[PDB]
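Contents: one structure, followed by commentary.
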Amino acid sequence: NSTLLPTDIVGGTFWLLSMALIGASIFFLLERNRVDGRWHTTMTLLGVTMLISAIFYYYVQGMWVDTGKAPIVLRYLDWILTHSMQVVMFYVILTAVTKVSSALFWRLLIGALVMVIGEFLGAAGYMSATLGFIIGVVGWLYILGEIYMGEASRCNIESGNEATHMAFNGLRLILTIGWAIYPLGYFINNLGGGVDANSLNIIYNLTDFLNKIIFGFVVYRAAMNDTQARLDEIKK
Amino acid sequence: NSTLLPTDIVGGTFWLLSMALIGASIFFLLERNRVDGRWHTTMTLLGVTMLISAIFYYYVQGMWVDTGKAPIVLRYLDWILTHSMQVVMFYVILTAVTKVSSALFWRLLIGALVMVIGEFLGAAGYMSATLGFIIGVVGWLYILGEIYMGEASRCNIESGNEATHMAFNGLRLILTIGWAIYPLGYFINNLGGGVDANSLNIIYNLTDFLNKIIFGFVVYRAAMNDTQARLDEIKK
Amino acid sequence: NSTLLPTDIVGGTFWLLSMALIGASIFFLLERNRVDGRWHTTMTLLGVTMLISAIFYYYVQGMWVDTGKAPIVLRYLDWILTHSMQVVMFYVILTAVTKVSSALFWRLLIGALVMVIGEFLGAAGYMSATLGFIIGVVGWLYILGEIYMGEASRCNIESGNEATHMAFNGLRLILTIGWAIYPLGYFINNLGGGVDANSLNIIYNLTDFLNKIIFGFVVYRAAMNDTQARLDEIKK
Amino acid sequence: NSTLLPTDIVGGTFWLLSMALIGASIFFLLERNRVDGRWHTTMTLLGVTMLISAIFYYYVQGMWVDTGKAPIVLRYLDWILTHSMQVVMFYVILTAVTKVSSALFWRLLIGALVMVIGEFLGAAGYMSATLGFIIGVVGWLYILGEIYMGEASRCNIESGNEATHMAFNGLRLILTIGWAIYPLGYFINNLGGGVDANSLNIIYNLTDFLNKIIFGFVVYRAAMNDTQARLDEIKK
Amino acid sequence: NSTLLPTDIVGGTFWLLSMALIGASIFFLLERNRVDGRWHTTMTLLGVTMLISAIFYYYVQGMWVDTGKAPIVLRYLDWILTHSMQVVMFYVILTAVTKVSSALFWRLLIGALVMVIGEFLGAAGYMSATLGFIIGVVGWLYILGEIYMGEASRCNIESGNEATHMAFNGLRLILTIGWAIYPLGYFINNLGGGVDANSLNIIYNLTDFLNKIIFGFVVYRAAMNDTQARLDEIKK
Ligand SMILES: CCCCCCCCCCCCCCCCCCCC
Ligand SMILES: CCCCCCCCCCCCCCCCCCCC
Ligand SMILES: CCCCCCCCCCCCCCCCCCCC
Ligand SMILES: CCCCCCCCCCCCCCCCCCCC
């Protein structure tokens with residue numbers, strides 16, 4: 001056949017994302033009633049995260065259909081909200097099953113905001129692109145230190161919940177690996193050679209499968225797993 | 001009268017599909033509360049599948065109204081999501097009533113992804129149309145081997161659930177026969193003489209009655225049947 | 001004043017219908033939880049019927065606003081779905097309160113499909129307008145024989161439910177009288193002198209008050225009546 | 001500053017109305033679950049009334065944004081539905097707490113339909129504006145006689161419910177005073193000097209605060225009051 | 001990079017606000033079921049406030065996308081509704097946990113309406129900008145006197161609820177500090193030098209994070225805190 005053009009792929013992946021995310025949202029929000037009540041905030045936050053994301057992709061697809069332009073800087077609108085919601089999920093899931101300092105919520109949320117807002121300043125010309133990279137990468141390595149070596153990590157080890165053991169590990173691996181895409185997108189788009197925006201929209205669209213959807217399913221399986229482990233122990 | 005033009009049929013069948021699918025979705029999601037809880041994920045997945053599908057048809061009808069073009073390659077956006085959701089339904093329904101290796105979920109989902117992604121590469125010019133056919137047909141014969149001769153089949157026979165006996169058979173017959181349309185659409189559109197896109201949009205629209213809606217109703221009757229069989233046995 | 005033009009009435013009645021139907025839908029779907037559970041499918045089907053209908057009217061009003069044309073042939077999109085849903089309601093309501101052969105569901109649904117699809121072929125030029133009339137009229141007299149002289153009738157008499165006695169009679173009278181509009185619309189528009197499309201859009205819009213909304217309220221009162229009769233007998 | 005133009009006010013009040021009404025709707029529909037079940041139809045009808053109204057204002061604001069015209073005759077689309085729903089509320093609230101002839105429902109609904117349909121005929125040029133006034137005013141004085149001197153009045157006095165005593169009085173005062181706006185709008189716009197349509201749109205928009213929203217809150221407080229009085233008496 | 005233009009920021013912050021607010025709304029409305037029933041009106045009012053706000057931002061973003069203009073006077077549409085809903089929250093939260101005169105509801109709501117309507121008259125040219133400032137500032141200092149030195153304050157001290165102690169303080173600090181933005185916006189835009197509308201849209205958008213969202217979360221934590229304190233005391 002005649003190859004599809006990246007412009008055709010850019011637009012279709014906005015629809016794909018839009019659909020998958022509204023799907024994930026509704027699923028997470030209808031399955032909110034079948035998990036224990038200890039899991040209800042986790043599931044609401046999950047499902048709302050997917051919805052915000054979906055509304056972004058709806059806004060973006062219309063911009064694209066109308067104009068044929070979808071700047072990369074627009075991605076910070078989504079990430080200011082949804083990357084914050086995803087980081088704070090670590091706290092929410094821990095408060096479902098153990099006791100944890102509320103300080104942790106704030107540590108986590110600040111790191112997320114630093115990581116998005118720093119990269120947004122370099123991207124939008126308000127400060128050097130070099131500096132917004134460094135700040136974005138610092139705000140991310142902080143979040144990693146929280147979850148690998150900090151309170152969230154310890155709380156996790158000392159929870160005793162085997163559902164949370166698995167969520168923490170899986171969510172952490174997505175943030176460690178999945179979320180590496182964001183510093184690297186930035187590095188190339190800004191500090192490096194540069195990258196076609198079409199290419200980078202495709203990349204950012206296709207990685208929101210991992211970074212948002214698999215992230216969701218991991219949370220969902222924890223809530224489901226746990227709900228059931230509590231039922232299986234009631235039987236005994 | 002003066003015959004309707006296929007262009008008129010193409011556009012109306014997008015509306016028809018849109019309506020039927022939002023209908024099916026809402027029905028499946030409101031009837032989610034009247035089935036046993038063992039059936040709740042099945043019903044949520046069902047209803048969300050219908051919703052994704054509906055949102056596609058909404059996206060497509062607007063493209064059509066605006067442009068009068070509805071490429072066939074756009075169908076892979078729907079199928080990447082909804083054909084995967086339908087294949088994994090076999091697993092979901094089995095996990096409602098029996099114990100099944102989680103491996104099966106992945107076998108099933110990979111086959112679906114191979115079958116859609118392979119046919120999408122040949123369709124969009126990234127690899128030979130011949131090869132995307134072969135791969136799509138392989139990804140489909142795999143799914144069939146799963147459900148006719150593989151674990152899903154055995155799990156089904158050894159479940160003992162008579163609701164699931166009936167779902168499996170009916171869902172299997174739709175995949176065996178209903179889903180033959182997709183390899184054959186592809187074969188003709190790409191590897192064969194060729195086919196008017198209007199004609200093929202009509203065909204793909206009218207077969208989503210079977211492939212999506214009757215598929216849904218089959219799942220719904222199983223969940224309903226079973227819910228009731230459990231109530232009828234509680235009375236004794 | 002200066003008379004409104006039928007074009008002004010055509011467009012306003014699309015809005016009226018749209019509003020009334022989304023209203024009816026939401027009401028039927030929120031009152032689904034206050035009827036017995038034996039009535040839940042009836043109420044979901046009712047409310048979904050109204051919703052499909054509403055989405056049609058939304059699609060049509062946009063076509064009208066944009067183009068000032070609203071072909072009559074577009075009505076078959078609605079009727080293929082909603083006339084089938086309304087005919088099968090007879091079965092659904094009977095299965096709420098008595099035992100009935102599942103065959104009846106199919107008898108009923110085939111008649112509905114014959115009646116819509118036959119008149120759609122004559123309307124869209126695929127077969128003689130004469131023949132599509134005859135077939136549409138045959139598919140309708142069949143449905144009437146079902147409900148006046150056939151199993152549905154007997155099941156109704158032998159149910160003993162006084163709520164269903166009333167629904168059956170009222171729904172039957174709407175199909176006997178209300179639905180006469182459809183053969184006659186067809187006869188005039190196609191086989192007869194002809195009729196302004198504006199006039200006929202107005203007529204079809206204003207009769208969806210009877211044919212859809214009063215039809216709904218009749219079903220709703222049965223479910224409500226019965227739910228209450230069961231509560232009043234529990235008190236004794 | 002430089003005065004806002006009435007055109008600017010007309011358009012903003014459509015948005016204001018739209019927002020307030022979708023707000024009221026959702027509130028009434030979520031608070032439907034916290035009132036006694038005897039109040040559930042009242043609350044569903046309330047919330048659906050607000051929703052129909054909101055959908056009107058959405059339809060109208062788009063017409064305005066596109067065209068800069070919002071005829072007054074368009075108001076009869078809303079009023080044919082929502083004035084009927086509001087009049088029949090008297091019956092619904094009485095059937096929540098006492099026994100009342102079903103005849104009353106019909107008396108009430110006919111008066112509403114006469115009052116809207118008569119004024120719509122004079123407005124749209126089908127009969128003399130004089131006569132449509134007289135008929136609209138007759139259909140309104142009838143409704144008033146029902147609720148001041150007729151069965152609804154008696155049923156209210158003989159109910160004994162103090163929540164309903166208060167609703168009836170408040171709803172009656174809105175219909176007596178609030179709804180006087182409609183005959184007077186009509187009189188001036190048609191039978192009298194005439195009135196700028198911008199002015200009259202503003203007036204009709206700002207009076208739907210009373211006539212729809214305060215009307216709603218009155219119903220809501222009755223349902224709430226009563227629900228609570230029944231709980232306070234259960235404690236004793 | 002090349003700096004983003006304030007026009008680019010104005011449009012993106014409308015989307016940001018839109019997304020965050022629909023997010024907050026849905027979260028507050030799904031978490032309505034996990035708080036005590038004493039908190040249900042608070043949570044419904046909260047979530048509906050967020051929704052009205054979101055619908056505004058949707059209306060505004062379309063105006064902007066179409067026209068590139070977003071007058072500041074449009075903000076009074078939102079504030080007439082949502083500032084009233086936020087002020088009356090003080091009453092709603094007090095009626096959740098203590099007994100309070102219904103008079104307070106009205107004191108509070110009048111202050112809110114005076115504060116918005118006065119500033120809207122000066123803004124839209126109907127009265128001197130000076131006078132609309134004074135009135136807006138008076139309507140605000142009144143609300144502050146209510147909540148710092150008036151009944152609401154006393155009711156709060158005499159409630160004994162420690163969740164409400166915290167909400168009152170936090171909501172009060174947002175109104176004292178957060179809401180200072182509104183008098184000062186007005187002062188500068190109208191009575192003072194003047195201010196770019198782009199700048200002021202950015203400022204008003206970014207302060208609806210505090211003034212609406214943090215306001216919400218404060219209410220949500222009170223309802224959550226309390227619900228739990230009541231569960232923890234039931235255990236003892
Ligand atoms: C028991 C202690 C509390 C547990 C649950 C806490 C629930 C909070 C969940 C909502 C957090 C949302 C954070 C969204 C960040 C958006 C920030 C945008 C700034 C521009
Ligand atoms: C042990 C019980 C487990 C039940 C698992 C429920 C998971 C259902 C949701 C699965 C959806 C998977 C298909 C998602 C479609 C998109 C995948 C690839 C897109 C590129
Ligand atoms: C046995 C208990 C009752 C179960 C019946 C469930 C009925 C579900 C609704 C049936 C749907 C009717 C068919 C609507 C679509 C018609 C097919 C369109 C073909 C183009
Ligand atoms: C127990 C006493 C009752 C407590 C609950 C009262 C519920 C009130 C909730 C609604 C208040 C909204 C009032 C502001 C709406 C905007 C008014 C705009 C006027 C132009």
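First listed ligand is number 1; within each ligand, the first listed atom is number 1. Here is the naming used below: chain letters follow the sequence lines, and residue numbers restart at 1 for every chain.
- Near A/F209, with a cut-off below 4.0 Å to any heavy atom, the atoms of ligand 2 are 19 (C).
- For B/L81, the closest heavy-atom approach to ligand 2 falls below 4.0 Å.
- A pairwise comparison of heavy atoms in A/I213 and A/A20 identifies CD1-CB, 3.7 Å as the closest pair.
- Remark: aromatic rings of A/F28 and A/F217 are close, center separation under 6.0 Å.
- Here the closest heavy-atom approach between residue E/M89 and residue E/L46 is recorded as CE-N, 3.6 Å.
- The single protein non-hydrogen atom nearest to atom 16 (C) of ligand 3 is C/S84 CB, 3.8 Å, given as residue, atom name and distance.
- B/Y220 CE2, 4.2 Å is the protein heavy atom nearest to atom 6 (C) of ligand 3.
- What sits closest to atom 7 (C) of ligand 3 on the protein, heavy atoms only, is C/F105 CE1, 4.2 Å.
- Counting heavy atoms under 4.0 Å from ligand 3, residue B/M224 does not touch it at all.
- A 4.5 Å side-chain heavy-atom check between C/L45 and C/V88 finds at least one atom pair inside the cut-off.
- Residues B/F14 and B/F56 keep their aromatic ring centres 6.0 Å or farther apart.
- With hydrogens left out, the protein atom closest to atom 5 (C) of ligand 3 is C/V92 CG2, 4.4 Å, a heavy atom.
- For the pair E/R32 (side chain) and E/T44 (backbone), a donor-acceptor distance under 3.5 Å is absent.
- Side chain to side chain, B/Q86 and B/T49 fail the donor-acceptor criterion of an N or O pair below 3.5 Å.
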What pairs of donor and acceptor atoms, side-chain ones from residues 104-120 of chain B against any protein atom, are under 3.5 angstrom apart with sequence neighbours left out?
from, atom 1, to, atom 2, distance (Å)
B/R107, NE, B/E146, OE2, 3.4
B/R107, NH2, B/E151, OE1, 2.8
B/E119, OE2, B/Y76, OH, 2.9

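- The heavy atom nearest to atom 13 (C) of ligand 3, considering only C/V88, C/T42, C/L109, is found in C/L109.
- Residue C/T95 approaches ligand 3 through these ligand atoms, each under 4.0 Å from one of its heavy atoms: 2 (C), 3 (C).
- Near C/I80, meaning under 4.0 Å from one of its heavy atoms, ligand 3 places the atoms 20 (C).
- In the vicinity of B/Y91, heavy-atom distances shorter than 4.0 Å reach the ligand 2 atoms 1 (C).
- With A/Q228, A/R221, B/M85 as candidates, the residue nearest to atom 4 (C) of ligand 2 on a non-hydrogen basis is A/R221.
- Judged as a side chain to side chain contact (heavy atoms under 4.5 Å, CB included), and not counting sequence neighbours, the contacts of B/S25 are B/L29, B/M50, B/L51.
- In this comparison of C/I52, C/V116, C/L113, the heavy atom closest to atom 17 (C) of ligand 3 sits on C/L113.
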